[PDB]
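Reviewing the structure listed below.
FYI, side chains are in, hydrogens and waters are out, and symmetry mates aren't considered; it's all heavy atoms of this structure. Proteins get letters first, then strands, A, B, ... in listed order; numbering begins at 1 in each.
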2 protein chains.
Amino acid sequence: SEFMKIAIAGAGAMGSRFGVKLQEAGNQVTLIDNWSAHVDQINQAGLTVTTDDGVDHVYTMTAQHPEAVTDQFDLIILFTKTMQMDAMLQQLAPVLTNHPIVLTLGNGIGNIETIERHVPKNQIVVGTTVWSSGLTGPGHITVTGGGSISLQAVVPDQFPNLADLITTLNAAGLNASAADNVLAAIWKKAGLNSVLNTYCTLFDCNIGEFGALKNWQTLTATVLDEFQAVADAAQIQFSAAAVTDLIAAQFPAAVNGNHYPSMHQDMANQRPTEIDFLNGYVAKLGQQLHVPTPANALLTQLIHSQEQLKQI
Amino acid sequence: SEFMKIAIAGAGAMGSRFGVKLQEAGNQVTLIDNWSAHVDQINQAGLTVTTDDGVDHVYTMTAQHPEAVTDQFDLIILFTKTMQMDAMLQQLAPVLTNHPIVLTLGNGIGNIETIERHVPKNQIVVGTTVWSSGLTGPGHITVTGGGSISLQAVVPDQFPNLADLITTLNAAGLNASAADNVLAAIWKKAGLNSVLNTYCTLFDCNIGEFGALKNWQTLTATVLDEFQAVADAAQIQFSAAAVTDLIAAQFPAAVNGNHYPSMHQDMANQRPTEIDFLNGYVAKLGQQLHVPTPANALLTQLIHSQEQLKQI
């Protein structure tokens, strides 16, 4: 009875990892991705999962490109980064006629709003996860330690079978728990990213160097006070002070002192950044809620400008 | 009777040029500067002024380092960039006991406020100029065409002898006119500089490249709407639209399309920038006048951060 038919939209490190534990627990899983070498590697030689011990576990899996799915699922777990999401849901439009559960486990505050345009919002379940996974290559991921999951329906009153959903996951050893605090934690992670990704990209510095700035506190506060004012308007729990501590914890060289965050790399390699889904998204919501967000609106403009200059 | 005893605090291209025409018209002029090679060059071999024709006019002049002046003047003409001004007025503190006319012809909206702390504000006369001058080297400047001057006492009611002042200058062929619109024009120039210097430095681009940005209008508007709101509060004439046109006029390669403005160069050569006296100054005034300036406050922070990263 804990059987569900399950799709993984975003068969990356995490999606691939979740796909396997859910399959090995008897569920019928399809992995969906656009990366040709990945999808093809799995259909021809199985997904490989290098465990604690450097031991290669070849697992037989079903993979497909999004446009090439006509099957329907009881549950779709989205791992699509917010930016690719609209495209990924566009391309899956047919499969959602049955109105399945949409379980977004990606990062990004823009996800619910983005998802609302493709399905009924009563089907949406946001989640966070500390399960980890590395993507070593096509049809190849590396795993260590354990983890858990925390879930929260967007509209708790209209949502059926959160218990069954949790049972299904926990049956695959995933440690799912119902919680009322998931959207808060998504906002927390996006507060951190909207400071460290954005400023590091703007300054062409790494996280330690940002940390060493005489004015990092004011730069941080400026972004976060606006998040706070918007979180409050949207009635989501948020503490600027807490996020600031999380931000500070990254500075040491033992942690991320010498790391250039994902946005900096995107800029360096002339990839569009997720800025519209970080500071860009807080500004947009701000305006919907009549909360002024001039600093996040501006930083968003500065990054787009940077993009345009790199492409030359 | 149009004779005055005159000091030039800021004996650069313009100060040196004004020093000469005022001397040749019978006034007793002292040139004041910190650049050793300059001051020494003039005391030993005269100031050279290469005219339209590539003809070298050697002129005998008096030059001194600021700390080494005990003379007193009827008029002091400041050409000191706002940033050096406080130091330059600190070092001249003794000479102002007589309460002379202070004629600031430098650029910068921060000048009056800065000057007010050193002399009575009834002695202050702000000015603009289209006289041009190149600084070729120590005791060496190059001149072409002509020009004029426009003056405006800070407090028009308490100021004596604006007519005599103008007579003194015009006696040296300088074309001084009384005007009520000088502080406005200083603000105009500072609106342009606070967009083009600041953003070019932040983007490591030249003026044409800024001009080619999809969002240059919004970036510009963001800075200028705040200037506008502050100019209004301070009851100074200002048009964001007009400054925008002046800004647009720079983009073409025939004009400044391939120029990196002074702030970009300062950053490149690890010189402190004038940011606190551009966007920094509009923000500070904004707060005095209860006009919100979050964008200019922020850009000011971003540039300081940039400075600190370059010095490493």
Mind checking which of residues 203-219 of chain B sit less than 4.5 Å from chain A, heavy atom to heavy atom?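 Checking residues 203-219 of chain B against chain A gives B/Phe203, B/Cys205, B/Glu209, B/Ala212, B/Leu213, B/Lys214, B/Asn215, B/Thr218, B/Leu219.
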Counting only non-hydrogen atoms closer than 4.5 Å, can you tell me which residues of residues 272-302 of chain B sit against chain A?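 Contacts with chain A: B/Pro294, B/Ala295, B/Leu298, B/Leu299, B/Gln301, B/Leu302.
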Pair up each side-chain donor or acceptor in residues 236-251 of chain B with any protein partner under 3.5 Å, not counting sequence neighbours, and list the distances.
unit_1: B/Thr244; atom_1: OG1; unit_2: B/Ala240; atom_2: O; d: 2.6
unit_1: B/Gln250; atom_1: OE1; unit_2: B/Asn256; atom_2: ND2; d: 3.1
unit_1: B/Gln250; atom_1: NE2; unit_2: B/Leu246; atom_2: O; d: 3.0

Non-neighbouring partners of B/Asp232 that pass salt bridge (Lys or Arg N to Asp or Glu O under 4.0 Å), sequence neighbours left out: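 Partners of B/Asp232 under the salt bridge (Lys or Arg N to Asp or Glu O under 4.0 Å) test: none.
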